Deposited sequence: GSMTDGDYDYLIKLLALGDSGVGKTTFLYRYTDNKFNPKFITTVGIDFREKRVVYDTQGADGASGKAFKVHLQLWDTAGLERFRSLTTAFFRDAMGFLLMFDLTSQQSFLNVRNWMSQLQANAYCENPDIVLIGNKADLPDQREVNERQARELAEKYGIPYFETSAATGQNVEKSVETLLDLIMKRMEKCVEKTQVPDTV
């Protein structure tokens, strides 16, 4: 091959990232890198003044590892499959709220994004107005697709669009 293009699936839990990726991939190669993170507490008896206070002092573990894991996830990423759930308004707003926080880098250093409304095969459950979603896409001048990981609707179409953005970005930047 000639190129290694790194893509990321972002979005809330239960949105369909893992199912979308497996739908598109159509193979079983999926190497995993897991770590443990945790919380805990300790206790101490303490007499205030009269009063017998019971102290719980909480703490966290494994955060350093988690950061390396996060960095490793974003390292050299060229496209984000930014997805939400058409049946979940909360998934849509979280995306919009997330986007409003991104800081622009130089044109070439900016990663491409495709906005993805997943679970298009359950119209009876839809919460996300189409017009609202297209406007978010319009706002940040990005493509928008309504996809289904179960049917395969626009799954291949959305990914190849992201590739095309990435590839056309290179042509200009090289």
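K.L.:
So which bits of the deposited sequence did not make it into the model?
P.N.:
No C-alpha coordinates exist for 1-7, 57-66, 192-200.
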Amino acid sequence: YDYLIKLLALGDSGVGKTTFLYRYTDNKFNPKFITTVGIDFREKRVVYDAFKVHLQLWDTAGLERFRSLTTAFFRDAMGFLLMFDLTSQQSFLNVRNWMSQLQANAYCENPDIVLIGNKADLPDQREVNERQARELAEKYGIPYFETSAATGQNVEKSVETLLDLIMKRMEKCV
From here on, numbers count along this sequence of modelled residues.
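K.L.:
Indicate yes or no: is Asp40 absent from the model in at least a third of the other PDB entries of this protein that were compared?
P.N.:
Across the other compared entries, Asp40 is absent from none.
K.L.:
How about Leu63: is it missing in a third or more of the other compared entries?
P.N.:
Yes: coordinates for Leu63 absent from at least a third of the compared entries.
K.L.:
Output the stretch having the higher mean C-alpha B factor in the entry; the candidates are 149-157 and 8-16.
P.N.:
Averaged over C-alpha atoms, the B-factors run higher in 149-157.
K.L.:
Just say lowest, middle or highest third for the CA B-factor of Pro123 relative to the other modelled residues in its chain.
P.N.:
For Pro123, the deposited C-alpha B-factor lands in the highest third.
K.L.:
Classify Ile34 as lowest, middle or highest third according to the C-alpha B-factor given in the PDB entry, relative to its own chain.
P.N.:
Its C-alpha B-factor belongs to the lowest third of this chain's values.
K.L.:
What third of its chain's C-alpha B-factors does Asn97 belong to: lowest, middle or highest?
P.N.:
Middle third.
K.L.:
Report the third (lowest, middle or highest) to which the CA temperature factor of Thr71 belongs, ranking only the modelled residues of the same chain.
P.N.:
Lowest third of the chain for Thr71's C-alpha B-factor.
K.L.:
Just say lowest, middle or highest third for the CA B-factor of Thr60 relative to the other modelled residues in its chain.
P.N.:
For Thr60, whose C-alpha B-factor we compare with every modelled residue in the chain, the answer is the lowest third.
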